[PDB]
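Any read-out appearing in this document is the output of simple, stated calculations on the displayed coordinates, not a laboratory observation. Neighbour counts run over all protein chains shown; Cβ positions are idealised from the backbone, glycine included.
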Amino acid sequence: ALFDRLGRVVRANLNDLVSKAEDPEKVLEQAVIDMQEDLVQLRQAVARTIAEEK
Amino acid sequence: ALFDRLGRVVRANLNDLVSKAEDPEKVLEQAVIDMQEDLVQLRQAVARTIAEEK
Amino acid sequence: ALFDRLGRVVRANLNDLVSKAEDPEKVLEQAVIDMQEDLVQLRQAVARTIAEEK
Amino acid sequence: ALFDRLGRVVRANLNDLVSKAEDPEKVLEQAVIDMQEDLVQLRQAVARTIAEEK
Amino acid sequence: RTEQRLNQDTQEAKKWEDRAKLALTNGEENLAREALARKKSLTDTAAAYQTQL
Amino acid sequence: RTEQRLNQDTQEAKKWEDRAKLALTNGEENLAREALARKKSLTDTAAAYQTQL
Amino acid sequence: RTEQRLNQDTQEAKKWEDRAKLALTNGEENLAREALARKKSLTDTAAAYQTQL
Amino acid sequence: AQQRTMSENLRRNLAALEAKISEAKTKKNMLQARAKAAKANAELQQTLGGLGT
Amino acid sequence: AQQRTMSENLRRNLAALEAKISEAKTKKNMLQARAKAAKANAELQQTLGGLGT
Amino acid sequence: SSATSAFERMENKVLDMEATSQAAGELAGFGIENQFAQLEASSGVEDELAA
Amino acid sequence: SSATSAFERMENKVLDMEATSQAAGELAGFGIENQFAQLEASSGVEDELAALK
Ligand SMILES: Nc1ncnc2c1ncn2[C@@H]1O[C@H](COP(=O)(O)OP(=O)(O)O)[C@@H](O)[C@H]1O
């Protein structure tokens with residue numbers, strides 16, 4: 001239990017340091033760009049299955 | 001048995017120390033993370049099972 | 001039995017390391033390319049037996 | 001006979017060790033591989049036999 | 001932009017609305033469902049854009 | 001956020017109520033039964049949020 | 001804080017009682033027994049909590 | 001006669017091979033699409049999931 | 001006559017072994033699924049369980 | 001090399017989102033039934049009403 | 001040392017791990033029935049009221 005609790009404290013602290021350092025507006029912007037990239041890749045994939053159907 | 005009791009006292013002190021080092025804000029959130037990380041893995045097992053049934 | 005079981009464990013672990021390292025999408029793509037190459041070779045072979053028949 | 005019994009204990013311990021080292025996921029799959037690798041060879045013998053009959 | 005998407009679907013809804021009434025003005029039976037379904041889908045999308053707007 | 005969750009779950013319960021009655025009208029008992037179970041489940045979730053609110 | 005757990009074990013006990021009743025109303029004489037036992041345990045806990053409070 | 005029946009059997013094998021490869025190509029592409037769909041779903045689950053950066 | 005009598009015996013035994021291997025490979029897959037499910041179930045019951053620290 | 005293993009990797013990755021299929025399955029079925037069914041009726045009554 | 005003996009050894013292991021997970025759940029505090037039976041009874045009377053009206 002001692003080291004299991006220790007691990008939880010350490011991971012919590014490390015994740016908080018990450019949460020602190022990052023700026024969620026820049027990350028949210030970057031994230032939307034990445035979602036848009038994935039959307040384009042799915043559009044291409046959809047076009048390919050339509051092409052095979054045809 | 002005095003040896004074991006000394007060990008008990010030491011573990012108790014260390015347990016209290018790591019409990020005191022917790023910050024509810026970080027730790028409560030970290031606990032939820034662990035729940036979600038565990039759930040993902042079970043979902044993947046159920047994913048396989050459903051495929052095998054099919 | 002000891003070393004026969006040992007061999008089975010070792011081969012299983014080695015094959016899992018191979019399964020882990022490879023990406024089955026790239027391999028599936030490569031595989032389809034290789035099947036297409038074999039298909040062309042069989043087409044040529046078929047043409048040759050048709051030529052001899054003729 | 002105490003020598004043989006000591007050897008028994010050592011083999012038993014090593015057997016238990018290699019059993020514990022197994023992971024069903026890898027090993028069950030590996031076992032099937034061995035079955036298929038063996039079957040291929042028997043198919044090649046039956047292949048020859050059929051040709052000789054012809 | 002939300003206004004424009006709403007309006008665009010309204011226009012597209014009328015394009016399929018005339019085709020639905022046309023099949024129904026010829027006493028046809030199995031054409032109407034296609035145009036009506038398309039119009040229905042577009043007006044549901046427009047509804048969502050209305051809420052958004 | 002709790003207010004929003006409560007309202008949203010209530011709305012979902014009503015949608016599944018409608019689906020149950022439509023399934024019942026079509027004559028498919030099983031989907032009506034399941035839809036009413038889903039309706040209850042969403043009502044229970046909404047109830048929990050109500051108390052929480 | 002003690003009062004809180006007391007009052008909450010009370011509600012849990014009432015829930016288990018109602019479940020025992022509902023089980024007895026459906027012809028299941030097994031679930032109701034365990035539910036009554038769980039209620040008894042929680043009521044003992046509530047008693048002790050009341051005393052310490 | 002021998003060449004014609006030999007060639008015929010070989011031609012049948014060629015047809016079967018080609019059909020199976022055509023199938024494999026079709027299945028490979030729909031798997032790529034489903035993989036990319038899953039990846040897209042994951043990015044929305046991330047951005048629009050819980051809390052974090 | 002000798003060749004035919006022997007080559008037929010071998011075919012029966014090969015057929016039995018083919019039934020046997022395929023039995024194991026379909027079991028292999030479902031067992032791996034069952035194992036993964038069991039492993040996951042145990043981890044979630046321990047983690048979501050309140051027992052331990 | 002397995003096409004099936006490629007499928008299984010996809011099956012795994014496209015699962016966390018929760019795809020038991022209790023939701024989607026039921027929904028689509030009844031929807032399409034009454035949806036297209038209602039479109040037929042509507043269309044045919046409009047075709048024999050508004051003229 | 002045979003493939004089948006290895007297969008059986010892992011098969012028994014997997015089955016034990018399933019049984020262990022099952023037992024662990026029962027010891028932890030089973031809860032995949034007491035709720036199902038209630039949901040069933042409640043949706044039962046809900047179906048009756050829906051069908052009636
Ligand atoms: N506080 C949080 N709440 C929810 N998700 C979080 C949080 N912090 C990080 N995450 C990330 O979001 C994901 C949530 O897990 P997931 O299983 O998708 O949620 P759910 O179980 O509700 O579907 C995790 O993979 C994790 O990396």
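Annotations
- Cβ-vector label at 7 Å, H:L51, separations to other copies in nm: 3.1
- For C:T49, I:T53, order by how many other beta-carbon atoms lie within 10 Å, fewest first: I:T53, C:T49
- Cα-based shape type of chain D, given that a ≥ b ≥ c are square roots of the gyration tensor eigenvalues and the cut on a/c is 1.5: oblate
- Acute angle (nearest 10 degrees) that the helix F:29-52 long axis makes with the longest principal axis of chain F, alpha-carbon atoms: 10 degrees
- Spatial separation of Cα centroids for region E:1-49 and chain B, in angstrom: 56 Å
- Semi-axis lengths, largest first, of the ellipsoid equivalent to chain G are 26, 9, 5 Å, with √(5λ) applied to each eigenvalue of the Cα gyration tensor.
- Other residues within the sphere of radius under 14 Å centred on the Cβ of E:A20, judged by their own Cβ, net out at -2 (K and R +1, D and E -1).
- For chain G, the relative contact order is 52 percent, taking Cα pairs closer than 8 Å that sit 6 or more residues apart in sequence and dividing their mean separation by the residue count.
- The mean count of C-beta atoms from other chains within 10 Å of the C-beta of residues in A:3-9, rounded to a whole number, is 5.
- At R0 = 35 Å, FRET efficiency that the Cβ-Cβ distance of G:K15 and G:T51 yields, to 0.05: 0.95
- Charge sum, other residues only, whose C-beta stays under 14 Å from E:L42's C-beta, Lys/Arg counted +1 and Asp/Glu -1: +1
- Helix-only [θ]222 nm of chain I, DSSP H runs n ≥ 4, -39500 (n - 2.57) each, per residue, nearest 500: -33000 deg cm²/dmol
- Set of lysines near E:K15 by C-alpha distance (under 19 Å), chain-local residues within fewer than 8 positions excluded: E:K39, E:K40
- Anchor B:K54: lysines whose Cα lies under 20 Å away (excluding residues fewer than 8 positions away in-chain): H:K27, H:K28, I:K25, I:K27, I:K28, I:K36, J:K13
- Our note on the geometry: Cα centres of region H:1-32 and region K:7-48, 48 Å apart.
- Relative to the longest principal axis of the Cα atoms of chain A, the long axis of helix A:24-53 lies at roughly 30 degrees.
- Simple spin-label estimate for I:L51 and D:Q36 gives 4.1 nm between the two label positions (7 Å along the Cα-to-Cβ direction from each Cα).
- Scattering profile of chain K at q = 0.16 Å⁻¹ [log10 I(q)/I(0), Debye over alpha-carbon scatterers]: -0.67
- Cα-based shape type of the protein assembly as shown, given that a ≥ b ≥ c are square roots of the gyration tensor eigenvalues and the cut on a/c is 1.5: oblate
- Principal-axis tilt of helix F:2-26 within chain F, Cα atoms, nearest 10 degrees: 10 degrees
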